[PDB]
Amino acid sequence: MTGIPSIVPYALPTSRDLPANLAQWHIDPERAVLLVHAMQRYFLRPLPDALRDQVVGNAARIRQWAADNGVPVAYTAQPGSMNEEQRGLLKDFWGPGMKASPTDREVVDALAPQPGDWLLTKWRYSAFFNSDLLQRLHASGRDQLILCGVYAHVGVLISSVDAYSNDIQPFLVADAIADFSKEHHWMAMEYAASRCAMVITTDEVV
């Protein structure tokens, strides 16, 4: 129903497993925002537990780093219970989607937003789409986006593409993202590294 397949568990990439970055960017905490992409209960539910816990543990470490380094933390979250118009073509792939219910829509407790964090609404794959993300990045004078969350090859990648397209340098945190499969997750990193983003590991940010 969810359109989200059964997720076959897999090991997260380590530093050694990343594709070669073509861009030469580096996170500057004065320039960066940490995008915690779609770490809603609904989206993490299909992750097997160990992998989920690994990914979320990494995202959490990056979040604390961002807090320590004055980097805005932006959470994207679908509102739930999208009507048929709001859902649009998401229905065809992903069914009606999550409910506007805490069981579905809350960001997971391990990543609980803190006061002042950017709470962004997710509508489509790109975190920019119909969101305030770009405007906030401009206002905050932040032109780097550090991405963690789910799903690597879907909103995370497409958000990184959009960021890139908007001349926002994206950094995909390879071990703070998770995906439908190892193959997808690797595909996402390969795409990002070769097309729109730096691919890095959590340890490389902190």
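One rule holds for the numbers: they count along the sequence shown, beginning at 1.
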Return whichever of 106 to 114 and 121 to 129 has the greater mean Cα B factor according to the PDB record. 106 to 114
Of 59 to 67 and 138 to 146, which one has the bigger average CA B-factor? 59 to 67
Based on the deposited C-alpha B factors for this chain, I'd like to know if residue 17 is in the lowest, middle or highest third. highest
Where does residue 154 sit by CA temperature factor within its chain: lowest, middle or highest third? lowest
Test of reading the entry: by CA B factor among the chain's modelled residues, which third contains residue 170? lowest
If you rank the chain by CA B-factor, which third does residue 161 end up in: lowest, middle or highest? lowest
Ranking every modelled residue in this chain by its Cα temperature factor as given in the entry, which third contains residue 179? lowest
